[PDB]
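Okay, structure first, notes after.
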Amino acid sequence: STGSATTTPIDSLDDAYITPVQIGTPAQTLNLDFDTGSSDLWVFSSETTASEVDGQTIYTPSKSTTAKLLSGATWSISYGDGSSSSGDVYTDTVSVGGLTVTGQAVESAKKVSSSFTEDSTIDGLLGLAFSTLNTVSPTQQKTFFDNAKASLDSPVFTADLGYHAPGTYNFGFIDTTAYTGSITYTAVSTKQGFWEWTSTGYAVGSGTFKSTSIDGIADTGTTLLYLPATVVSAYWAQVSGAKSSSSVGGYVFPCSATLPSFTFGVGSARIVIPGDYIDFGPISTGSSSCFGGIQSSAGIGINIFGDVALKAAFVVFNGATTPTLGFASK
């Protein structure tokens, strides 16, 4: 089997991407944030505290004939950006772009933190990291991809995120028309539950390539590119007027400035992030100060190849017995 779904930016800055997901019988369609940095499929629901729902579409298990309470199961998650949610668990039928899993753990939110409430466009998350990170207790649950894997034509999914435009998540096949050149594959460590790999270095604009190992994660659920402070400093030093602002929480730059590209290494191959991808617009309406899309990972404790990086590539998440990651230009 295979599946193919369009993923759409939630706003004009590509702050995140939502993908429609069918849950239950008859189908309830929710727009989920596909997140290769976490491993819980959780949704706004009929059980979510009413005061914490503001415009989201909810899953109502009682209206699904295939929904079954996973008795005794609870979940509770906290994300790197300080947000959180928690609740109980049902199993139900979940379909993504034609691909159907039965008995998928659908984690129903009883509580969500304010940032989720305040984002009316995201109805939940669908985690695509390794199932070892799943928070369901007492019995850890498998991700949608893990459950689908054996049925797929090939044990892979791909992320093709658009710049200011829709893109595609595919399951079970590699669309050879979706990228240019060849796919370069690189080793993955699953020891922290992430799609963790080691970039071979970077360049800033037309600068020479610096060969240096950068361990990080391929994370569709993180907006920006978070790299070591040395690297980030070298980038923003090439932007006139750029500065790091504690009050704003990172590097900002005059909206009148031209951003250089940023290149990262995948083995001997190179992915080029165009400068425009690194512009996240005015820090506040009317401000001439723009927020940068490359920021320091210092104090996150991990480097994160978020959407800024991934949307410059066609990315293969190869869930073979020994997982690997593939990157192609597009």
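In the structure tokens, chains take the letters A, B, ... in the order shown, each chain's residues start at 1, and ligands count up from 1 in the order shown.
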
Give me, as a tab-separated table, each residue of region 52-98 of chain A that comes within 10 Å of region 130-148 of chain A, together with its shortest interatomic pair and the distance in Å at one decimal, counting only C-alpha atoms, with rows ordered by chain and rising residue number.
residue	atom	partner	partner_atom	distance
A:70	CA	A:139	CA	9.6
A:72	CA	A:138	CA	7.7
A:73	CA	A:137	CA	5.5
A:74	CA	A:137	CA	5.5
A:75	CA	A:136	CA	4.5
A:76	CA	A:135	CA	6.2
A:77	CA	A:135	CA	6.5
A:78	CA	A:135	CA	9.8
A:86	CA	A:135	CA	9.5
A:87	CA	A:136	CA	9.5
A:88	CA	A:136	CA	8.6
A:89	CA	A:136	CA	8.0
A:94	CA	A:144	CA	8.1
A:95	CA	A:144	CA	9.2
A:96	CA	A:144	CA	9.2

Quiz item: Any idea what's packed within 7 Å of residue 253 (chain A), counting only C-alpha atoms, ignoring anything in its chain fewer than 6 positions away? Could you give it as an MDAnalysis selection string?
Solution: chainID A and resid 241:243 289:292

Atoms to include: C-alpha atoms. Write the selected residues as a PDB file, in the first residue's frame.
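Once written, again-v9.pdb looks like this:
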ATOM      1  CA  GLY A 241      22.436  45.292  10.900  1.00  0.00           C
ATOM      2  CA  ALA A 242      21.638  41.838  12.240  1.00  0.00           C
ATOM      3  CA  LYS A 243      21.893  41.411  15.983  1.00  0.00           C
ATOM      4  CA  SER A 289      12.879  44.447  12.733  1.00  0.00           C
ATOM      5  CA  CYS A 290      12.485  40.972  11.183  1.00  0.00           C
ATOM      6  CA  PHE A 291      12.912  37.633  12.931  1.00  0.00           C
ATOM      7  CA  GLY A 292      15.609  35.313  11.654  1.00  0.00           C
TER       8      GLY A 292
END

Could you give me, as JSON lines, a per-residue list for region 228-281 of chain A showing, wherever an atom lies at most 10 Å from an atom of region 205-212 of chain A, the closest pair of atoms and their distance in Å to one decimal, using only C-alpha atoms and sorting by chain then residue number from low to high?
{"residue": "A:231", "atom": "CA", "partner": "A:210", "partner_atom": "CA", "distance": 9.8}
{"residue": "A:235", "atom": "CA", "partner": "A:205", "partner_atom": "CA", "distance": 8.5}
{"residue": "A:238", "atom": "CA", "partner": "A:205", "partner_atom": "CA", "distance": 8.5}
{"residue": "A:259", "atom": "CA", "partner": "A:205", "partner_atom": "CA", "distance": 8.4}
{"residue": "A:260", "atom": "CA", "partner": "A:205", "partner_atom": "CA", "distance": 4.6}
{"residue": "A:261", "atom": "CA", "partner": "A:205", "partner_atom": "CA", "distance": 4.5}
{"residue": "A:262", "atom": "CA", "partner": "A:205", "partner_atom": "CA", "distance": 5.8}
{"residue": "A:263", "atom": "CA", "partner": "A:205", "partner_atom": "CA", "distance": 7.5}
{"residue": "A:264", "atom": "CA", "partner": "A:209", "partner_atom": "CA", "distance": 8.7}
{"residue": "A:265", "atom": "CA", "partner": "A:211", "partner_atom": "CA", "distance": 8.3}
{"residue": "A:270", "atom": "CA", "partner": "A:209", "partner_atom": "CA", "distance": 9.6}
{"residue": "A:272", "atom": "CA", "partner": "A:205", "partner_atom": "CA", "distance": 9.0}
{"residue": "A:273", "atom": "CA", "partner": "A:205", "partner_atom": "CA", "distance": 9.4}
{"residue": "A:274", "atom": "CA", "partner": "A:205", "partner_atom": "CA", "distance": 8.7}
{"residue": "A:275", "atom": "CA", "partner": "A:205", "partner_atom": "CA", "distance": 8.2}

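If only C-alpha atoms are the atoms counted, then among A:302, A:43, A:315, A:278 the closest residue to residue 163 (chain A) is A:278.
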
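Closest approach to residue 312 (chain A) among A:254, A:228, A:162, A:24 is made by A:162 (distances from only C-alpha atoms).
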
Pick out the residues sitting within 7 Å of residue 160 (chain A), and hand them over as a PDB file with N, CA and C atoms, in the first residue's frame; count only C-alpha atoms, and ignore anything fewer than 2 positions along from it in its own chain.
ATOM      1  N   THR A 158       8.108  10.187   2.969  1.00  0.00           N
ATOM      2  CA  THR A 158       8.885  11.308   2.496  1.00  0.00           C
ATOM      3  C   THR A 158       8.194  12.615   2.837  1.00  0.00           C
ATOM      4  N   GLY A 162       6.737  22.770   1.145  1.00  0.00           N
ATOM      5  CA  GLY A 162       6.797  23.911   0.263  1.00  0.00           C
ATOM      6  C   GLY A 162       7.235  25.198   0.937  1.00  0.00           C
ATOM      7  N   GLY A 167       2.875  21.353   0.011  1.00  0.00           N
ATOM      8  CA  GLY A 167       3.797  20.283  -0.300  1.00  0.00           C
ATOM      9  C   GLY A 167       3.102  18.954  -0.095  1.00  0.00           C
ATOM     10  N   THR A 168       3.905  17.917   0.099  1.00  0.00           N
ATOM     11  CA  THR A 168       3.420  16.550   0.080  1.00  0.00           C
ATOM     12  C   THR A 168       4.107  15.682   1.115  1.00  0.00           C
ATOM     13  N   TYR A 169       3.308  14.868   1.815  1.00  0.00           N
ATOM     14  CA  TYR A 169       3.819  13.731   2.558  1.00  0.00           C
ATOM     15  C   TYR A 169       3.409  12.461   1.823  1.00  0.00           C
ATOM     16  N   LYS A 311      12.449  22.183   4.139  1.00  0.00           N
ATOM     17  CA  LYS A 311      11.662  22.622   2.981  1.00  0.00           C
ATOM     18  C   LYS A 311      12.537  22.968   1.777  1.00  0.00           C
ATOM     19  N   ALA A 313      14.597  20.802   0.755  1.00  0.00           N
ATOM     20  CA  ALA A 313      14.932  19.467   0.257  1.00  0.00           C
ATOM     21  C   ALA A 313      13.728  18.570   0.078  1.00  0.00           C
ATOM     22  N   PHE A 314      13.965  17.506  -0.675  1.00  0.00           N
ATOM     23  CA  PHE A 314      13.135  16.308  -0.664  1.00  0.00           C
ATOM     24  C   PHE A 314      13.761  15.338   0.337  1.00  0.00           C
ATOM     25  N   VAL A 315      13.009  14.979   1.377  1.00  0.00           N
ATOM     26  CA  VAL A 315      13.570  14.214   2.481  1.00  0.00           C
ATOM     27  C   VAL A 315      12.907  12.854   2.606  1.00  0.00           C
TER      28      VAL A 315
END
